[PDB]
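Undergrad: Here's a structure for you.
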Amino acid sequence: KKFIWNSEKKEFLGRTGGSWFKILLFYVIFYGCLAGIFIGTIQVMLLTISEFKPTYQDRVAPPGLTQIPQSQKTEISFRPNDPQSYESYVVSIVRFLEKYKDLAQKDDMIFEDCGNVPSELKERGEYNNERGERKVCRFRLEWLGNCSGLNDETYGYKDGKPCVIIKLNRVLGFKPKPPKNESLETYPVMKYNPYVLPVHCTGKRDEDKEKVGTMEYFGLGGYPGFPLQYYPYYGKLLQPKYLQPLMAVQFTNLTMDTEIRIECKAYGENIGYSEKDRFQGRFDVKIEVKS
Amino acid sequence: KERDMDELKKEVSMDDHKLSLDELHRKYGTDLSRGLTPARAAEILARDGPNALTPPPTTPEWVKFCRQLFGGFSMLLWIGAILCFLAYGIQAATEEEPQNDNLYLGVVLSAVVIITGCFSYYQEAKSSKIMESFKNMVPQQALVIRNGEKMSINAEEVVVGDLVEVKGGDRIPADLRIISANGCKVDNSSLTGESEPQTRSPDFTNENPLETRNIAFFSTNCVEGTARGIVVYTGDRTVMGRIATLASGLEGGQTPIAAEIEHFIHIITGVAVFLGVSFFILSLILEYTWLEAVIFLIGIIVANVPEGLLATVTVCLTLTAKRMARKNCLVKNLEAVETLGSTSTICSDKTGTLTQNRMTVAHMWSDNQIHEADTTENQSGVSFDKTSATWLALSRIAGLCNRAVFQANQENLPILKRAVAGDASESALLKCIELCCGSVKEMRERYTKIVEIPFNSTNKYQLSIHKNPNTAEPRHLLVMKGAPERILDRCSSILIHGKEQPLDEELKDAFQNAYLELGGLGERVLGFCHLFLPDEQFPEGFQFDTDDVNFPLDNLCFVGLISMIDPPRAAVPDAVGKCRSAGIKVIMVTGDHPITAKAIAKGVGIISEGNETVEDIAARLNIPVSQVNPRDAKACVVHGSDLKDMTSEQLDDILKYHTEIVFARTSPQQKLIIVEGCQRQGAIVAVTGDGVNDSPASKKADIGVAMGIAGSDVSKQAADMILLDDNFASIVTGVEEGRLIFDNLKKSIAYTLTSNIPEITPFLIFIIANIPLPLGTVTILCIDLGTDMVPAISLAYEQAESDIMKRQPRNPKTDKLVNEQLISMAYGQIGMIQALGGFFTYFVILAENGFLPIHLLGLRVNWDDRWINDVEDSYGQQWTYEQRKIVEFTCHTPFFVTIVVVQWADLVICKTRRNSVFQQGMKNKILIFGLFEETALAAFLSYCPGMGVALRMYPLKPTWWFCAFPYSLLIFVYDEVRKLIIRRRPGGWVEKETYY
Amino acid sequence: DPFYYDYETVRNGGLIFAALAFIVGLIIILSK
Ligand SMILES: *[C@@H]1O[C@H](CO)[C@@H](O[C@@H]2O[C@H](CO)[C@@H](O)[C@H](O)[C@H]2NC(C)=O)[C@H](O)[C@H]1NC(C)=O
Ligand SMILES: CC(C)CCC[C@@H](C)[C@H]1CC[C@H]2[C@@H]3CC=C4C[C@@H](O)CC[C@]4(C)[C@H]3CC[C@]12C
Ligand SMILES: CC(C)CCC[C@@H](C)[C@H]1CC[C@H]2[C@@H]3CC=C4C[C@@H](O)CC[C@]4(C)[C@H]3CC[C@]12C
Ligand SMILES: *[C@@H]1O[C@H](CO)[C@@H](O)[C@H](O)[C@H]1NC(C)=O
Ligand SMILES: [Mg+2]
Ligand SMILES: [Mg+2]
Ligand SMILES: [Mg+2]
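Just so you know, the sequences run in chain order B, A and G.
For the first sequence, the authors' numbering assigns the number 13 to the initial residue and increments by one for each residue that follows.
For the second sequence, the authors' numbering assigns the number 21 to the initial residue and increments by one for each residue that follows.
For the third sequence, the authors' numbering assigns the number 17 to the initial residue and increments by one for each residue that follows.
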């Protein structure tokens, strides 16, 4: 019943030779026209959007809060002795901070030394291309005290008591606005309120909050947050090799051999949250230093 | 060994009728005048069983529910759901925290099958319920003579061998052996098919137990006279009992529509498994594992199965079936509605189906001029001529010299369909006078009768003398009627144009040829005459005689002739003509004498003028019939006596080389043989019958058509289509609706098959190029089980693009429902454009949100990851999991909308196969509602509060609705120019490839 | 701010369109 192989009318797979040529030629012309049309429409669509600004930014309204160890489940489980147990973490930290070394930021034609103190926002004109390639403020690893990179102690951040730096989701044209007067959550962690976006970590319930002994934050000049002198972002086209601010968080007196949950919440007016997106605004981690 | 029992029931019957009155009473042991003792009744009643046919087999409620739950289409859906669960089992033991996509799809397909089964059961149950409300039969007891005393007992209490007396008006209880009759004319309509009432004579007449007159049959009504008889057969052992049991034991066969549905499923699986295997090899050749490749293969085969097409096809057939129910063309089989459209040979019955089965006055001879009376059932024919004085004389003779009139309740009923007591001829005369000469109630009494002389065996005469009416003073009127050749001899005066004239041979022979003309026309002629007895030679008061006949038997005045026959139904001739117009071969299958069958065949259209039989040519050449060549005769009359001695090969020769065939004197079993012979050629057959002799023919045939009232219950249950109004034109309506729904089925199927390309392609390239999912599963369900439901259904209300009743019936081996051309259009061209339109919207949305189309290559890896919340776009921005996932879902919803946009043009182009959309016009109000409801529902599925949380279908930025507009316009323009080239160039390529 | 979309207005317009397009279809099918 499947002997459609051949016939006396020179049939192959069902039809003749000239028939196969005619149909194949039609399908080639037809599909080629379809592909050319799709390409022409996609070209006009490419002409619709611009090069210095995405036509829609409402889907990233509340910026996120990521970390350096992109864990499989935001959990850091390792052994304080075994160096291979935390190799997957350290390698991810080194590659991340590999673009922050003093030797990486050496050209003065694209880097601008902001300052040792968090300052006001630095707006570099409009987003057009009338100006040249914008400058990017430097951010040395020395700012993240005791969780620095390769300067004196490439500690791997784990000879017990690990480090977890946090990063604000880079958004184009986003101007961070820290809080003010109505403060039912802003703890006195650090004095500097006006030119830094605060970020405070804590447990999640009555259990985690007790298990987590002490947290020490490290930032620009010692402020647990992000300096306003590094915002806003002007896109990858206008600001290549840009380095968004970083802020390290170390957990000293932890409870070894116990998995505890930490929630690092970034506070601010332009920082929204979501009960469906655990990363929008806030941040979570499940650490367990089992010896 | 039931295969032998069925053949034993197929074999013609035999009897023991030819036995002396002493031999008959010896075989059964029964008294000829006192019957049997009452105690002897319980010896045969509780021995073989009560005199009643065994009820048909019962198929309980849940059986039909399970029948519809399995089917063939539901079988494709069941295997799809099974493959879904198997793929889920292969995916569960492998991935970290799986998805519920396959699980939702499997439960959805199962629910689809169940929903369709419930809807189908509801429709098929409603049909049987109304049939049950129409089949209310009441018991009819028999008049049995037991212990020398008469007793009326239930028919089931009758046994074998007990004297039964049937009076004029009672129905023959069981098969009897006549022993003494008095002019009994039993009506063997439902059983043998003999139209004219056959008289029952105690003496053996014919070898055939049916043609003989000494046998009374079950389910036959005694028209007139009275008779006595011994019960020979009882219950199922009766003639019609064996015919009914044979009908119950026959195979229904495979319907033509189910074979098309199967062939469709065949091509569906062809593409499903072909794409699954080719993409399985491709998936492995790229970088996937066997584990993921099996999941793919199953998903490609399942996603290639039209889920929503089951409900659409079911409702599609249901709509056309409801249009038949509105016109009383009920169908018990939901798929039998199309069967008519594929029929190419209709085997009809003569008595009851084509004719009205009612002896009616056809022609009358008065003043040397034949007058054809209207032979219609609803009185819608040309009226005869009535101005002459001879019409009044004929009307008087017929209305007066006639034994009885109507009955009690026959007052509100119409003049034709009302009951009348007496012989079949007298009733016809009564209806002709009641429709043409006013009334007969006051006309019969106004002429008081004195001495009436009834029909006699010797000196056959039927006369009566009556008193004279209104002042003319001739004082007496002696009317007489009878055989034309006998009444002509006893007549001297002849009425003509009003006056009287002698019996000159010149006009006497003009009467003779008028007798043979009405005889050869297939009717029964009767001569009518009257005479005014001169009151001067014979007294005005009391002067009559009856033993030594005084009234002048001769010298009467002949008025005219009155012929009669059962006329064909009103729309029957036109119906046969319409059927022959579409290319359907009409074949008459009856059990009546050939003399009547040939005339009826020539009058309805089964035999046209000019075509001669093997007998007509021999008579036209005055030569023996064995000389003429059968190839010279276009039409032919096949005698049932010769059909018994025929082989399987000869029947084929009769059907092939002859266009107009008329099978006469064919037993029910012979009707089954003929139906099988017509099916051997490979053509679709439809049998239209009414009596129990058509049950084995209406059962075996692809579709049986029974009469709602004029059809017996057995053949009404063994059939597949019931004509509640008995209007034979319903056959023409049925064939029209069948072909119309066949074409609309092709259209609806193509519309559902076109959507699978832009449905599967997103997942295909999602695997191929490793890009974020362009279209989700929820959206796909909203497409095939959402939007596209109404358009696919409205595509069934479409109407003829040309004259469907002009083209030839479809070829089962050539013109398929879903051929390769439909696949080349849906899966090859149209669906491809819909898929490109979908991908356009996909890239548009993603690129406007920062994710340019080029940057989407290989992004799925980190896109589906729930923990990489720093996914960089083309602008350098970092997106979290839920942010890019919200974009993916708000990218899925517009893809579904894109499907709707391209489906607009797809519905418009699938609305017509050859004509242009402007030649046909979008006059399908349901199709317009199908677009408005589709668009509104789609917009609701995206802008309703809580859709991004319930079905993850986020609202769309308005500018997205215009993304697929150029593609839809392109689909429309392309298919329009395609059908235009097919219109102006009906040559090759554009007709052998696109046209589906 | 450019990080805010008036989704409520578009959603309301979509509901209004759905209602109108549906009643219009009903008028065409239930025509008199
Ligand atoms: C930076 O690193 C030094 C290690 O040289 C930390 O030294 C801590 O000194 C305090 C004060 O006595 C002790 O309580 C801690 O136990 C020491 N820590 C360790 C790891 O030895 C110092 O705290 C670190 N941080 C700062 C802000 O100086
Ligand atoms: C040969 C000629 C007629 C074809 C010309 C193609 C025209 C009709 C096509 C090419 C590109 C298309 C546009 C491409 C970009 C956009 C913006 C997008 O967000 C929605 C669709 C929209 C608004 C399209 C409308 C139709 C369009 C202008
Ligand atoms: C016969 C053919 C050409 C008619 C095509 C219908 C066009 C004019 C209609 C059909 C559906 C309509 C869209 C339906 C939904 C929306 C979203 C709503 O919130 C604003 C209007 C908007 C964006 C409509 C624009 C106009 C539209 C695309
Ligand atoms: C952890 O260490 C800090 C050091 O200041 C101490 O005050 C605190 O009580 C400790 N908590 C636990 C739970 O060990
Ligand atoms: Mg589908
Ligand atoms: Mg009949
Ligand atoms: Mg049948």
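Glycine included, each C-beta is placed from N, C-alpha and C at the ideal position.
Could you check whether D722 (chain A) and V705 (chain A) sit closer than 8 Å to each other, using their CB atoms as the reference points?
TA: Yes, these two residues count as a Cβ contact at 8 Å.
Undergrad: How would you write the range of the alpha helix (DSSP H) that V752 (chain A) sits in, first residue to last?
TA: Run containing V752 (chain A): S750 to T774, per the alpha helix (DSSP H) assignment.
Undergrad: With three or more C-beta pairs closer than 8 Å as the rule, is the segment 914-931 of chain A touching the segment 758-775 of chain A?
TA: Result yes; three or more Cβ-Cβ pairs closer than 8 Å.
Undergrad: Quick one: is the Cβ of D926 (chain A) within less than 7 Å of any heavy atom of ligand 5?
TA: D926 (chain A) Cβ: outside cutoff for every heavy atom of ligand 5.
Undergrad: Going by DSSP, what residue range makes up the beta strand (DSSP E) through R273 (chain B)?
TA: Residues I272 to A278.
Undergrad: Are at least three pairs of beta-carbons, each pair with one atom in the segment 172-183 of chain A and one in the segment 43-58 of chain A, less than 8 Å apart?
TA: Contact between the segment 172-183 of chain A and the segment 43-58 of chain A is present, because at least three Cβ pairs lie under 8 Å.
Undergrad: In angstroms with no decimal places, state the Cα-to-Cα distance between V183 (chain B) and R91 (chain B).
TA: Near 36 Å, if we compare the C-alpha coordinates of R91 (chain B) and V183 (chain B).
Undergrad: Could you say which of A:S147, A:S94 and A:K469 lies nearest to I285 (chain A) if we only look at CA atoms?
TA: Minimum Cα distance to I285 (chain A) is reached at A:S94.
Undergrad: Would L255 (chain B) pass as a contact of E132 (chain B) if the rule is Cβ separation under 8 Å?
TA: No.
Undergrad: Return helix, strand or coil for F19 (chain G), following the three-state DSSP convention.
TA: In the structure shown, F19 (chain G) sits in coil (DSSP, three-state: anything other than H, G, I, E or B).
Undergrad: Cα-Cα, which of A:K767, A:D574 and A:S400 is closest to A591 (chain A)?
TA: Comparing Cα positions, the closest option is A:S400.
Undergrad: Under 7 Å Cβ to Cβ from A595 (chain A), same chain only, skipping five residues before and after it: list those, please.
TA: These residues qualify, in order along the chain: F748, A749, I751 and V752.
Undergrad: If you follow the beta strand (DSSP E) that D207 (chain A) is part of, which residue opens it and which one closes it?
TA: Here the beta strand (DSSP E) through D207 (chain A) covers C204 to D207.
Undergrad: Would you list, in sequence order, the uninterrupted alpha helix (DSSP H) runs of no fewer than 4 residues that lie entirely inside the segment 507-547 of chain A?
TA: Taking only runs of at least 4 residues, the alpha helix (DSSP H) segments lying wholly in the segment 507-547 of chain A are 525-540.
Undergrad: Smallest Cα separation from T270 (chain B): which of B:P236, B:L232 and B:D220?
TA: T270 (chain B) has its Cα closest to that of B:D220, out of B:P236, B:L232 and B:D220.
Undergrad: List, from N- to C-terminal side, the alpha helix (DSSP H) runs of 4 residues or more that fit wholly inside the segment 98-142 of chain B.
TA: Runs found: 99-108.
Undergrad: Return yes when the C-beta of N889 (chain A) is under 7 Å from any heavy atom of ligand 1, and no when it is not.
TA: Incorrect: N889 (chain A) has no Cβ contact closer than 7 Å to ligand 1.
Undergrad: Just curious, the alpha helix (DSSP H) that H37 (chain A) is in, first and last residue?
TA: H37 (chain A) -> no alpha helix (DSSP H), and no H or E assigned at all.
Undergrad: Between the segment 925-938 of chain A and chain G, which residues of the former have CB atoms less than 8 Å from a CB of the latter, in chain order?
TA: Taking 8 Å as the Cβ-Cβ cut-off against chain G, none of the residues of the segment 925-938 of chain A qualify.
Undergrad: Taking Cβ-Cβ distances below 8 Å as the criterion, which residues of the segment 961-974 of chain A are in contact with chain G?
TA: Cβ contacts with chain G come from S962, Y963, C964 and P965.
Undergrad: Any residue with its Cβ nearer than 6 Å to a heavy atom of ligand 2 should be included. What is that list in chain order?
TA: Selection output, chain order preserved: B:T53, B:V56, B:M57, B:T60, A:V864, A:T979, A:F982, A:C983 and A:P986.
Undergrad: Closer than 9 Å by beta-carbon distance: list the chain B residues that pair up with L1000 (chain A), in chain order.
TA: Near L1000 (chain A) there are no residues of chain B at all, since even the closest Cβ is about 17 Å away, more than 9 Å.
Undergrad: For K945 (chain A), which residues in chain G fall below 8 Å Cβ to Cβ?
TA: Within chain G, the residues near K945 (chain A) are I44, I45 and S47.
Undergrad: Since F33 (chain G) meets chain A, which of its residues come closer than 7 Å, beta carbon to beta carbon?
TA: Going along chain A in sequence order, the residues near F33 (chain G) (Cβ under 7 Å) are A959.
Undergrad: Nearest to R257 (chain A) by CA position, among A:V682, A:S33 and A:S40, is which residue?
TA: Nearest option by C-alpha distance: A:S33.
Undergrad: Does the distance from the C-beta atom of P257 (chain B) to that of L232 (chain B) stay below 8 Å?
TA: For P257 (chain B) and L232 (chain B), yes; Cβs fall inside 8 Å.
Undergrad: Terminal residues of the continuous beta strand (DSSP E) containing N241 (chain A)?
TA: Its beta strand (DSSP E) spans residues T240 to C242.
Undergrad: Starting from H286 (chain A), trace the alpha helix (DSSP H) both ways and give me its first and last residue.
TA: Start and end: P276 to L306.
Undergrad: Tell me, which residues are paired with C577 (chain A) by DSSP?
TA: A:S513 and A:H550, per the DSSP bridge assignment.
Undergrad: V755 (chain A): buried (16+ other C-beta within 10 angstroms of its C-beta) or exposed?
TA: Buried, since its Cβ has 16 or more Cβ neighbours within 10 Å.
Undergrad: Where the beta carbon is closer than 6 Å to any heavy atom of ligand 4, which residues qualify, in chain order?
TA: Listed by chain position, these are B:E222, B:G225, B:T226 and B:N265.
Undergrad: Please report how far the alpha carbon of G858 (chain A) lies from the alpha carbon of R152 (chain B), in whole angstroms.
TA: Looking at the two C-alpha atoms, the distance is approximately 47 Å.
Undergrad: Taking CB distances under 8 Å as the criterion, tell me whether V102 (chain B) reaches chain A.
TA: So no, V102 (chain B) is outside the interface.
Undergrad: Kindly identify the DSSP beta-bridge partner or partners of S368 (chain A).
TA: Looking at the DSSP assignment, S368 (chain A) forms a beta bridge with A:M608 and A:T708.
Undergrad: Closer than 8 Å by beta-carbon distance: list the chain B residues that pair up with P986 (chain A), in chain order.
TA: The contacting residues are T53.
Undergrad: What three-state label does DSSP hand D51 (chain A) in the structure shown?
TA: Looking at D51 (chain A) - three-state DSSP - the assignment turns out to be strand.
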